[PDB]
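As provided, target09.tsv (TSV, N, CA and C atoms) reads as follows.
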chain	number	residue	atom	x	y	z
A	1	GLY	N	29.85	-20.88	-17.10
A	1	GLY	CA	29.59	-19.88	-16.05
A	1	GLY	C	28.48	-20.32	-15.11
A	2	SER	N	28.57	-19.94	-13.83
A	2	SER	CA	27.66	-20.37	-12.75
A	2	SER	C	27.12	-19.16	-11.96
A	3	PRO	N	25.81	-18.84	-12.04
A	3	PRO	CA	25.20	-17.70	-11.33
A	3	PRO	C	24.88	-17.98	-9.85
A	4	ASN	N	25.21	-19.18	-9.36
A	4	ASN	CA	24.79	-19.74	-8.06
A	4	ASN	C	25.38	-19.04	-6.82
A	5	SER	N	26.27	-18.05	-7.01
A	5	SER	CA	26.80	-17.17	-5.96
A	5	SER	C	25.76	-16.21	-5.37
A	6	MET	N	24.62	-16.01	-6.05
A	6	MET	CA	23.47	-15.23	-5.58
A	6	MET	C	22.14	-16.01	-5.72
A	7	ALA	N	21.18	-15.70	-4.84
A	7	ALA	CA	19.83	-16.29	-4.84
A	7	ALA	C	18.77	-15.35	-4.23
A	8	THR	N	19.11	-14.68	-3.12
A	8	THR	CA	18.31	-13.60	-2.50
A	8	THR	C	19.02	-12.27	-2.75
A	9	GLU	N	18.54	-11.52	-3.73
A	9	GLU	CA	19.20	-10.32	-4.29
A	9	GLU	C	18.30	-9.07	-4.36
A	10	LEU	N	17.21	-9.05	-3.59
A	10	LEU	CA	16.23	-7.96	-3.50
A	10	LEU	C	16.73	-6.78	-2.64
A	11	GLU	N	17.97	-6.34	-2.90
A	11	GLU	CA	18.65	-5.23	-2.22
A	11	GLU	C	18.53	-3.94	-3.05
A	12	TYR	N	17.29	-3.58	-3.40
A	12	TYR	CA	16.94	-2.46	-4.28
A	12	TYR	C	15.57	-1.91	-3.88
A	13	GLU	N	15.42	-0.58	-3.94
A	13	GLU	CA	14.15	0.13	-3.85
A	13	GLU	C	14.41	1.63	-4.05
A	14	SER	N	13.66	2.24	-4.97
A	14	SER	CA	13.56	3.69	-5.09
A	14	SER	C	12.41	4.18	-4.21
A	15	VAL	N	12.70	4.90	-3.12
A	15	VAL	CA	11.67	5.46	-2.22
A	15	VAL	C	10.85	6.59	-2.88
A	16	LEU	N	9.56	6.67	-2.55
A	16	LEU	CA	8.56	7.56	-3.17
A	16	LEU	C	7.77	8.37	-2.13
A	17	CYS	N	7.39	7.75	-1.01
A	17	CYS	CA	6.74	8.41	0.13
A	17	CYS	C	7.05	7.66	1.43
A	18	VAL	N	7.40	8.39	2.49
A	18	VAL	CA	7.56	7.86	3.85
A	18	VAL	C	6.79	8.73	4.83
A	19	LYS	N	5.92	8.11	5.65
A	19	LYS	CA	5.19	8.76	6.75
A	19	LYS	C	5.29	7.97	8.06
A	20	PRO	N	5.41	8.64	9.22
A	20	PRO	CA	5.60	7.99	10.53
A	20	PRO	C	4.35	7.33	11.12
A	21	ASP	N	3.16	7.66	10.61
A	21	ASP	CA	1.87	7.28	11.20
A	21	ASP	C	0.89	6.76	10.14
A	22	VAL	N	0.65	5.45	10.17
A	22	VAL	CA	-0.37	4.75	9.37
A	22	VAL	C	-0.96	3.58	10.17
A	23	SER	N	-2.26	3.33	10.00
A	23	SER	CA	-3.02	2.36	10.80
A	23	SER	C	-3.73	1.34	9.91
A	24	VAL	N	-3.57	0.05	10.20
A	24	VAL	CA	-4.15	-1.08	9.46
A	24	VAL	C	-5.44	-1.58	10.09
A	25	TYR	N	-6.41	-1.84	9.21
A	25	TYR	CA	-7.67	-2.50	9.52
A	25	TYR	C	-7.90	-3.64	8.53
A	26	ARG	N	-8.17	-4.84	9.04
A	26	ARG	CA	-8.71	-5.95	8.25
A	26	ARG	C	-10.17	-5.64	7.85
A	27	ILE	N	-10.46	-5.66	6.55
A	27	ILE	CA	-11.71	-5.15	5.96
A	27	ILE	C	-12.75	-6.26	5.66
A	28	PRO	N	-14.05	-5.93	5.57
A	28	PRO	CA	-15.04	-6.78	4.90
A	28	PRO	C	-14.78	-6.87	3.38
A	29	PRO	N	-15.25	-7.93	2.69
A	29	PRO	CA	-15.06	-8.10	1.25
A	29	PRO	C	-15.85	-7.07	0.42
A	30	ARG	N	-15.31	-6.66	-0.73
A	30	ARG	CA	-15.89	-5.63	-1.62
A	30	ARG	C	-17.18	-6.10	-2.28
A	31	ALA	N	-18.15	-5.19	-2.35
A	31	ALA	CA	-19.30	-5.27	-3.23
A	31	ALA	C	-19.92	-3.88	-3.43
A	32	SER	N	-20.31	-3.53	-4.65
A	32	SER	CA	-20.82	-2.20	-5.04
A	32	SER	C	-22.14	-1.80	-4.36
A	33	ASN	N	-22.88	-2.76	-3.79
A	33	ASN	CA	-24.07	-2.52	-2.96
A	33	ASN	C	-23.72	-1.97	-1.55
A	34	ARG	N	-22.44	-1.99	-1.16
A	34	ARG	CA	-21.92	-1.41	0.10
A	34	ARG	C	-20.73	-0.47	-0.11
A	35	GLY	N	-19.74	-0.85	-0.93
A	35	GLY	CA	-18.46	-0.18	-1.07
A	35	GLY	C	-17.59	-0.34	0.18
A	36	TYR	N	-16.29	-0.14	0.02
A	36	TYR	CA	-15.43	0.24	1.13
A	36	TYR	C	-15.74	1.70	1.49
A	37	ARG	N	-16.19	2.00	2.71
A	37	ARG	CA	-16.63	3.37	3.10
A	37	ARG	C	-15.88	3.97	4.29
A	38	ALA	N	-14.69	3.44	4.57
A	38	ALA	CA	-13.85	3.69	5.75
A	38	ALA	C	-14.53	3.42	7.12
A	39	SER	N	-15.74	3.92	7.35
A	39	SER	CA	-16.51	3.80	8.60
A	39	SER	C	-16.99	2.38	8.93
A	40	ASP	N	-16.95	1.45	7.96
A	40	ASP	CA	-17.21	0.02	8.19
A	40	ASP	C	-16.00	-0.72	8.78
A	41	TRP	N	-14.80	-0.11	8.71
A	41	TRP	CA	-13.55	-0.66	9.21
A	41	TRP	C	-13.36	-0.32	10.70
A	42	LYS	N	-12.36	-0.96	11.32
A	42	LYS	CA	-12.00	-0.84	12.74
A	42	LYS	C	-11.21	0.43	13.09
A	43	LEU	N	-11.79	1.59	12.78
A	43	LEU	CA	-11.20	2.92	12.97
A	43	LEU	C	-10.88	3.28	14.44
A	44	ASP	N	-11.51	2.62	15.41
A	44	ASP	CA	-11.27	2.83	16.85
A	44	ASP	C	-10.25	1.83	17.44
A	45	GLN	N	-9.93	0.78	16.68
A	45	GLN	CA	-9.24	-0.42	17.15
A	45	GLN	C	-8.43	-1.11	16.02
A	46	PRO	N	-7.32	-0.50	15.54
A	46	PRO	CA	-6.48	-1.06	14.48
A	46	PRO	C	-5.99	-2.48	14.78
A	47	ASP	N	-5.83	-3.30	13.74
A	47	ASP	CA	-5.16	-4.59	13.82
A	47	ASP	C	-3.64	-4.43	13.98
A	48	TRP	N	-3.09	-3.33	13.44
A	48	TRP	CA	-1.69	-2.91	13.59
A	48	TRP	C	-1.53	-1.40	13.35
A	49	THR	N	-0.50	-0.78	13.93
A	49	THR	CA	-0.07	0.60	13.61
A	49	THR	C	1.44	0.69	13.43
A	50	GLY	N	1.88	1.61	12.56
A	50	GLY	CA	3.30	1.81	12.27
A	50	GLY	C	3.55	2.89	11.22
A	51	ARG	N	4.56	2.65	10.37
A	51	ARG	CA	5.09	3.58	9.36
A	51	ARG	C	4.76	3.13	7.94
A	52	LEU	N	4.58	4.12	7.06
A	52	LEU	CA	4.42	3.97	5.61
A	52	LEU	C	5.77	4.09	4.91
A	53	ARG	N	6.03	3.23	3.91
A	53	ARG	CA	7.17	3.32	2.99
A	53	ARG	C	6.78	2.86	1.58
A	54	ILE	N	6.29	3.80	0.78
A	54	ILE	CA	6.05	3.59	-0.65
A	54	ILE	C	7.40	3.63	-1.36
A	55	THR	N	7.66	2.60	-2.15
A	55	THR	CA	8.90	2.36	-2.90
A	55	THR	C	8.56	1.82	-4.29
A	56	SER	N	9.54	1.73	-5.19
A	56	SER	CA	9.39	1.14	-6.53
A	56	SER	C	10.71	0.68	-7.11
A	57	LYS	N	10.67	-0.23	-8.09
A	57	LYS	CA	11.77	-0.44	-9.03
A	57	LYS	C	11.27	-0.84	-10.42
A	58	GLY	N	11.62	-0.03	-11.42
A	58	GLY	CA	11.24	-0.19	-12.82
A	58	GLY	C	9.74	0.02	-12.98
A	59	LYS	N	9.07	-1.02	-13.47
A	59	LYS	CA	7.62	-1.07	-13.70
A	59	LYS	C	6.84	-1.71	-12.54
A	60	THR	N	7.47	-1.89	-11.38
A	60	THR	CA	6.86	-2.50	-10.20
A	60	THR	C	7.01	-1.61	-8.97
A	61	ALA	N	5.91	-1.04	-8.49
A	61	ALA	CA	5.86	-0.31	-7.22
A	61	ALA	C	5.60	-1.26	-6.04
A	62	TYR	N	5.94	-0.82	-4.83
A	62	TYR	CA	5.90	-1.59	-3.59
A	62	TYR	C	5.38	-0.68	-2.46
A	63	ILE	N	4.14	-0.86	-2.01
A	63	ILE	CA	3.65	-0.21	-0.78
A	63	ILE	C	4.12	-1.08	0.39
A	64	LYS	N	5.24	-0.71	1.02
A	64	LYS	CA	5.74	-1.39	2.23
A	64	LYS	C	5.26	-0.69	3.51
A	65	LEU	N	4.89	-1.49	4.51
A	65	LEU	CA	4.55	-1.07	5.87
A	65	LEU	C	5.61	-1.58	6.85
A	66	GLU	N	6.05	-0.74	7.78
A	66	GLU	CA	7.17	-1.02	8.69
A	66	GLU	C	6.89	-0.61	10.14
A	67	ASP	N	7.54	-1.28	11.09
A	67	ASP	CA	7.37	-1.01	12.51
A	67	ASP	C	8.06	0.30	12.94
A	68	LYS	N	7.42	1.00	13.88
A	68	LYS	CA	7.85	2.29	14.44
A	68	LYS	C	8.85	2.20	15.60
A	69	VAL	N	9.13	0.99	16.07
A	69	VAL	CA	10.09	0.71	17.15
A	69	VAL	C	11.18	-0.25	16.69
A	70	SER	N	10.83	-1.32	15.98
A	70	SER	CA	11.79	-2.36	15.57
A	70	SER	C	12.41	-2.10	14.20
A	71	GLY	N	11.73	-1.33	13.34
A	71	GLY	CA	12.18	-1.03	11.97
A	71	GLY	C	11.93	-2.19	10.99
A	72	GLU	N	11.23	-3.23	11.43
A	72	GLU	CA	10.98	-4.46	10.68
A	72	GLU	C	9.80	-4.32	9.71
A	73	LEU	N	9.77	-5.14	8.66
A	73	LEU	CA	8.66	-5.17	7.69
A	73	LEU	C	7.42	-5.83	8.32
A	74	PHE	N	6.28	-5.14	8.28
A	74	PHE	CA	4.97	-5.70	8.63
A	74	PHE	C	4.34	-6.43	7.43
A	75	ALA	N	4.23	-5.73	6.29
A	75	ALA	CA	3.64	-6.23	5.05
A	75	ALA	C	4.13	-5.43	3.83
A	76	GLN	N	4.00	-5.99	2.63
A	76	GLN	CA	4.26	-5.28	1.37
A	76	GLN	C	3.27	-5.66	0.26
A	77	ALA	N	2.83	-4.69	-0.53
A	77	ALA	CA	1.94	-4.88	-1.68
A	77	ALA	C	2.63	-4.46	-3.00
A	78	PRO	N	2.97	-5.41	-3.89
A	78	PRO	CA	3.55	-5.13	-5.20
A	78	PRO	C	2.47	-4.72	-6.22
A	79	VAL	N	2.77	-3.74	-7.07
A	79	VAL	CA	1.83	-3.09	-8.01
A	79	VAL	C	2.49	-2.96	-9.39
A	80	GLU	N	1.82	-3.35	-10.47
A	80	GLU	CA	2.37	-3.27	-11.85
A	80	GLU	C	1.91	-2.02	-12.63
A	81	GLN	N	0.81	-1.39	-12.19
A	81	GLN	CA	0.24	-0.14	-12.71
A	81	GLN	C	-0.76	0.44	-11.70
A	82	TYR	N	-0.92	1.76	-11.66
A	82	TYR	CA	-1.79	2.47	-10.72
A	82	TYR	C	-2.80	3.40	-11.44
A	83	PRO	N	-4.11	3.35	-11.11
A	83	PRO	CA	-4.78	2.32	-10.31
A	83	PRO	C	-4.68	0.91	-10.91
A	84	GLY	N	-4.71	-0.10	-10.04
A	84	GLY	CA	-4.63	-1.52	-10.41
A	84	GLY	C	-5.08	-2.47	-9.29
A	85	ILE	N	-4.88	-3.78	-9.47
A	85	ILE	CA	-5.40	-4.83	-8.57
A	85	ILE	C	-4.91	-4.70	-7.11
A	86	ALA	N	-3.70	-4.19	-6.91
A	86	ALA	CA	-3.04	-4.16	-5.60
A	86	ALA	C	-3.28	-2.87	-4.80
A	87	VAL	N	-4.10	-1.94	-5.28
A	87	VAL	CA	-4.40	-0.66	-4.61
A	87	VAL	C	-5.83	-0.18	-4.93
A	88	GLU	N	-6.59	0.18	-3.90
A	88	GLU	CA	-8.00	0.59	-3.96
A	88	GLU	C	-8.32	1.76	-3.01
A	89	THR	N	-9.45	2.43	-3.25
A	89	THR	CA	-9.97	3.59	-2.50
A	89	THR	C	-11.32	3.28	-1.83
A	90	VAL	N	-11.65	4.05	-0.80
A	90	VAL	CA	-12.98	4.08	-0.18
A	90	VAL	C	-13.93	5.04	-0.92
A	91	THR	N	-15.20	5.05	-0.54
A	91	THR	CA	-16.25	5.92	-1.11
A	91	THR	C	-16.46	7.21	-0.32
A	92	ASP	N	-16.26	7.18	1.00
A	92	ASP	CA	-16.75	8.22	1.91
A	92	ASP	C	-15.71	9.31	2.23
A	93	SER	N	-14.44	8.94	2.45
A	93	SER	CA	-13.40	9.90	2.85
A	93	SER	C	-12.03	9.67	2.20
A	94	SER	N	-11.43	10.72	1.64
A	94	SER	CA	-10.22	10.66	0.81
A	94	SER	C	-8.90	10.39	1.57
A	95	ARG	N	-8.96	9.91	2.83
A	95	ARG	CA	-7.80	9.57	3.67
A	95	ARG	C	-7.60	8.08	3.95
A	96	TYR	N	-8.22	7.20	3.16
A	96	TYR	CA	-8.25	5.76	3.40
A	96	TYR	C	-8.07	4.99	2.08
A	97	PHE	N	-7.23	3.95	2.11
A	97	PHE	CA	-6.93	3.08	0.97
A	97	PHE	C	-6.98	1.61	1.38
A	98	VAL	N	-7.06	0.72	0.40
A	98	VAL	CA	-6.85	-0.72	0.57
A	98	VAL	C	-5.70	-1.15	-0.33
A	99	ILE	N	-4.86	-2.08	0.12
A	99	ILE	CA	-3.80	-2.66	-0.72
A	99	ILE	C	-3.73	-4.19	-0.61
A	100	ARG	N	-3.34	-4.85	-1.71
A	100	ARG	CA	-3.20	-6.32	-1.78
A	100	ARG	C	-1.79	-6.76	-1.38
A	101	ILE	N	-1.54	-6.86	-0.08
A	101	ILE	CA	-0.25	-7.33	0.44
A	101	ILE	C	-0.01	-8.81	0.11
A	102	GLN	N	1.24	-9.16	-0.20
A	102	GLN	CA	1.66	-10.47	-0.72
A	102	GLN	C	2.97	-10.94	-0.07
A	103	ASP	N	3.10	-12.26	0.07
A	103	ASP	CA	4.27	-12.92	0.68
A	103	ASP	C	5.34	-13.35	-0.36
A	104	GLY	N	5.11	-13.04	-1.64
A	104	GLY	CA	6.02	-13.33	-2.76
A	104	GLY	C	5.94	-14.77	-3.30
A	105	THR	N	4.89	-15.51	-2.91
A	105	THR	CA	4.72	-16.96	-3.18
A	105	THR	C	3.27	-17.34	-3.56
A	106	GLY	N	2.43	-16.36	-3.92
A	106	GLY	CA	1.02	-16.56	-4.30
A	106	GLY	C	0.02	-16.45	-3.13
A	107	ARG	N	0.50	-16.24	-1.90
A	107	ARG	CA	-0.28	-15.79	-0.75
A	107	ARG	C	-0.59	-14.32	-0.92
A	108	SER	N	-1.83	-13.95	-0.65
A	108	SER	CA	-2.24	-12.54	-0.58
A	108	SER	C	-3.38	-12.25	0.40
A	109	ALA	N	-3.47	-10.99	0.82
A	109	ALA	CA	-4.60	-10.44	1.57
A	109	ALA	C	-4.86	-8.98	1.17
A	110	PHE	N	-6.12	-8.55	1.18
A	110	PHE	CA	-6.50	-7.14	1.07
A	110	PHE	C	-6.60	-6.53	2.47
A	111	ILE	N	-5.77	-5.52	2.75
A	111	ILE	CA	-5.77	-4.79	4.03
A	111	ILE	C	-6.11	-3.32	3.81
A	112	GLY	N	-6.88	-2.73	4.72
A	112	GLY	CA	-7.20	-1.30	4.72
A	112	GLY	C	-6.17	-0.51	5.52
A	113	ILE	N	-5.84	0.70	5.06
A	113	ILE	CA	-4.99	1.66	5.76
A	113	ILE	C	-5.65	3.04	5.85
A	114	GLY	N	-5.48	3.70	6.99
A	114	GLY	CA	-5.95	5.07	7.25
A	114	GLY	C	-4.82	6.05	7.58
A	115	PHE	N	-4.99	7.28	7.12
A	115	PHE	CA	-4.08	8.42	7.31
A	115	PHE	C	-4.66	9.43	8.31
A	116	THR	N	-3.83	10.37	8.77
A	116	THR	CA	-4.26	11.45	9.68
A	116	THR	C	-5.15	12.49	8.98
A	117	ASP	N	-4.87	12.80	7.71
A	117	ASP	CA	-5.60	13.82	6.94
A	117	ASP	C	-5.57	13.54	5.43
A	118	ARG	N	-6.59	14.03	4.71
A	118	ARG	CA	-6.70	13.92	3.24
A	118	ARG	C	-5.52	14.56	2.53
A	119	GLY	N	-5.01	15.66	3.07
A	119	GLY	CA	-3.85	16.36	2.54
A	119	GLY	C	-2.52	15.59	2.66
A	120	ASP	N	-2.49	14.51	3.47
A	120	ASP	CA	-1.36	13.57	3.53
A	120	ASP	C	-1.64	12.27	2.77
A	121	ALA	N	-2.88	11.79	2.75
A	121	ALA	CA	-3.30	10.68	1.89
A	121	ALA	C	-3.19	11.01	0.39
A	122	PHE	N	-3.36	12.28	0.01
A	122	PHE	CA	-3.05	12.76	-1.34
A	122	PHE	C	-1.60	12.44	-1.76
A	123	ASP	N	-0.65	12.44	-0.82
A	123	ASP	CA	0.76	12.13	-1.10
A	123	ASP	C	0.96	10.64	-1.45
A	124	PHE	N	0.17	9.73	-0.85
A	124	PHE	CA	0.13	8.31	-1.21
A	124	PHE	C	-0.30	8.11	-2.67
A	125	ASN	N	-1.41	8.73	-3.10
A	125	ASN	CA	-1.92	8.55	-4.46
A	125	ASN	C	-1.17	9.37	-5.53
A	126	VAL	N	-0.54	10.50	-5.17
A	126	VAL	CA	0.29	11.29	-6.10
A	126	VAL	C	1.66	10.65	-6.29
A	127	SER	N	2.32	10.16	-5.24
A	127	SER	CA	3.64	9.53	-5.35
A	127	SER	C	3.62	8.23	-6.17
A	128	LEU	N	2.50	7.48	-6.13
A	128	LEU	CA	2.26	6.33	-7.00
A	128	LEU	C	2.05	6.74	-8.47
A	129	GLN	N	1.11	7.65	-8.76
A	129	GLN	CA	0.81	8.02	-10.15
A	129	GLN	C	1.97	8.78	-10.83
A	130	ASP	N	2.77	9.53	-10.07
A	130	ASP	CA	3.95	10.25	-10.56
A	130	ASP	C	5.20	9.34	-10.66
A	131	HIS	N	5.10	8.07	-10.25
A	131	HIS	CA	6.02	7.03	-10.71
A	131	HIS	C	5.52	6.37	-12.00
A	132	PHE	N	4.23	6.07	-12.11
A	132	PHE	CA	3.67	5.30	-13.23
A	132	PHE	C	3.33	6.10	-14.49
A	133	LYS	N	3.41	7.44	-14.49
A	133	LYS	CA	2.97	8.27	-15.63
A	133	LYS	C	3.54	7.86	-17.00
A	134	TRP	N	4.80	7.41	-17.04
A	134	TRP	CA	5.45	6.93	-18.27
A	134	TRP	C	4.97	5.53	-18.69
A	135	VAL	N	4.67	4.65	-17.72
A	135	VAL	CA	4.03	3.34	-17.95
A	135	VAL	C	2.59	3.52	-18.45
A	136	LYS	N	1.91	4.57	-17.97
A	136	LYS	CA	0.57	5.03	-18.38
A	136	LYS	C	0.55	5.86	-19.68
A	137	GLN	N	1.70	5.96	-20.33
A	137	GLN	CA	1.96	6.64	-21.61
A	137	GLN	C	1.53	8.12	-21.69
A	138	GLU	N	1.56	8.79	-20.54
A	138	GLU	CA	1.25	10.22	-20.39
A	138	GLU	C	2.40	11.17	-20.81
Translate the structure described by the file into structure tokens.
Amino acid sequence: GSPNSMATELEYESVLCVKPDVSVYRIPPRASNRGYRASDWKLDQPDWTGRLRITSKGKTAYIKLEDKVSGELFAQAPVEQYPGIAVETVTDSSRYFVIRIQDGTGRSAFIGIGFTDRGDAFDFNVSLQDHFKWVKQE
């Protein structure tokens, strides 16, 4: 038998949260003597803006970011458990996160994202933990 009829087969995702408005900021590096505090980021001048698409399959969640005009992928961050290495919070305001976006080949970057309100950023952190609760043995 020969499996060589397939090679790119990532035609799967269970959607968890979608929002039309999210803004990216390239952040300074973490240290507990400063923290990520949202106000240190480029809140007046995003590096990119577009749409949120939190997705998952099995034990791996995917924070995908997508364009608001082209529908194309900007970036994606894969996550094995929440909280974990690929998702972080700020100190000052509950509407801002950081994620470890990856190219699927050992390339990575930490990018900051901001929401319109805390009551919508709560949906980012609830939709992640309400996927992982069984992996978290709750």
*asked:* Here is a test: counting all atoms listed in the file, which residue of A:103, A:80, A:13, A:21 is nearest to residue 57 of chain A?
replied: A:13
*asked:* Quick check, in Å to one decimal: how far apart do atom C of residue 40 of chain A and atom N of residue 107 of chain A lie?
replied: 25.0 Å
_Nearest to residue 114 of chain A, chosen from A:90, A:79, A:16, A:22, with only N, CA and C atoms counted in the distances_ = A:22
*Which distance in Å separates atom CA of residue 94 of chain A and atom CA of residue 126 of chain A, to one decimal?*
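Computing it gives 12.6 Å between the two atoms.
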*Atom pair atom N of residue 59 of chain A / atom CA of residue 113 of chain A: separation (Å)*: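 Calculated distance between atom N of residue 59 of chain A and atom CA of residue 113 of chain A is 24.0 Å.
In this comparison, which uses only C-alpha atoms, the residue of A:14, A:130, A:119, A:95 approaching residue 58 of chain A most closely is A:14.
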*asked:* List as a VMD selection string the residues having at least one atom at most 8 Å from position (-4.6, -1.2, 5.0) as given in the file, counting only N, CA and C atoms.
replied: chain A and resid 22 to 27 96 to 100 110 to 114
*Using only C-alpha atoms, determine which residues lie at most 8 Å from segment 62-67 of chain A, disregarding the query and same-chain residues fewer than 5 positions distant; provide the list as number ranges by chain.*
A: 49-56, 72-79, 99
Six-sided padding of 4 Å per side, axis-aligned box over segment 15-30 of chain A, centre and edges in Å, one decimal, as JSON:
{"center_x": -2.2, "center_y": 0.3, "center_z": 4.0, "size_x": 37.9, "size_y": 24.9, "size_z": 22.4}
*Which residues, written as a ChimeraX atom specification, have at least one atom at most 9 Å from residue 93 of chain A, with only C-alpha atoms counted and residues fewer than 3 positions away on the same chain left out?*
/A:37-39,89-90,96,118
*Apply DSSP to the backbone of this structure and, from segment 70-128 of chain A, keep only the residues in strand (DSSP E or B); write these as number ranges by chain.*
A: 73-79, 84, 87-89, 96-102, 108-114
